[PDB]
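Shown below, as structure tokens, is a lone chain in the form deposited in one PDB entry; questions about how it binds or moves come after it.
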């Protein structure tokens, strides 16, 4: 029956495929994104798109339009977003989608209604003549949504901006099997073959959902959150890091997710705070998403007054893992200007 698992495997395959582009960029830096924060921003944009440039977006997101009608992908998203913003009684998870439009704009009243309904989006009128005030007002939305975790999403806002599409996601949940703080003890982490970093390492000796796949050449750890979330860790055999990355595939994830068999083990894993702050333009480029970022761009779904194009696609995410759980937040920023 349901729609989210009509789009899920497509999401998943996108993420990985996005990942591999980020990982091809630097081998030396932490990566952290929200594949959902990104992906939904480009689909409610795609509502406002036509022809080539529309097709690349949807296609670019690992959707195969012959096999699935356009109209169902958005019904799918409408479902995904409903289901994420349900009240898990123990876990707190929130997404939100916003439009910020210049006063002067007259929109295609359908496009507006579409985003309001399907992607439950919020619409604000601003004056992009007061660049610093508009910058402020956007960054507050994301601050208010991400509950203070993402504060400077938009650093450089363009003077001639006609609209901004912003979305957020906020996660805070607890382990089921939490770490006892008294055990967290500083050890070595071996970044590079020549770089060695001392880290506070959380420790438990217990019955974990762990296993090792010769396939992936990895260890695999599944950590439940209290509630309808789960964290999955993959520790590659020495030399097999890049292997691990290429082997990743949705269905392999689903296999793990059906296993609930516990092994006893001695588990040491770090406590974490990182971020990732990306200008996606070049990355999405390799994924075949160009034309929206060109003067070939059709956004006549949005407004008829002028030919728009997309100027900036800038995403940011922040991870914090400790002994009691994790709080993570991401946001996607898309700005559109005239030719």
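Residues that one form lacks are left out of the comparison. The term rigid core refers to the maximal set of C-alpha atoms that superpose within 1.5 Å between the two forms. Residue numbers count along the first chain shown, from 1.
There is another form of this protein, the form deposited with a partner chain bound, and it is not shown here; the text below is about that form.
- At least one heavy atom of residue 125 is located within 4.5 Å of the partner chain in the bound PDB entry.
- A residue is said to contact a partner when one of its heavy atoms sits within 4.5 Å of a partner heavy atom; residue 251 fails this definition for the partner chain in the bound PDB entry, lying far away.
- Contact check for residue 216: every heavy atom lies farther than 4.5 Å from the partner chain in the bound PDB entry.
- Contact check for residue 162: every heavy atom lies farther than 4.5 Å from the partner chain in the bound PDB entry.
- Following superposition on the rigid core between this form and the one not shown, the residue from 195, 242, 72, 254 with a C-alpha displacement of 2 angstroms or more is 195, and no other.
- 192-195 is the sole run of three or more consecutive shared residues whose C-alphas all shift by 2 Å or more between this form and the one not shown after the rigid core is superposed.
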